[PDB]
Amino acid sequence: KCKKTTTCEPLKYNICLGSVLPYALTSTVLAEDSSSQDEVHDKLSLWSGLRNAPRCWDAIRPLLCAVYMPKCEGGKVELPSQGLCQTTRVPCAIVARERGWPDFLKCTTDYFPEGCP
């Protein structure tokens, strides 16, 4: 569905690349490059190397937050939508040409299901 069974843990940080998150629990299961919130914070630091291109940086940040620090509640996590995923393809093409999107950040419907509420 638009949710995935997981383990909820309390957010280590209330902040995701400049934005305050209106929830308290999260999970790392969507970010398949991170096995803890420490590594999540690490990989987000690396993602911050993109803020020299405000074009992509303004687009990719909701995506990064939705994937790396998603809202968890009752053993499930909110999955990022196809709509959100698609909006980053063009303005963040620099990511694709210089190293390439990780598989969990590519716009397949398994990671980013269409028609989410």
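From 1 onward, residues are counted along the sequence shown.
According to the PDB record, 81-89 carries the higher mean C-alpha B-factor of the two stretches 81-89 and 31-39.
The PDB entry records a higher mean C-alpha B factor for 92-100 than for its counterpart among 21-29 and 92-100.
You'll see in the entry that, of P62, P70, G75, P54, the Cα B factor peaks at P54. Per the deposited record, the Cα B-factor of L44 falls in the lowest third when ranked against the other modelled residues of its chain.
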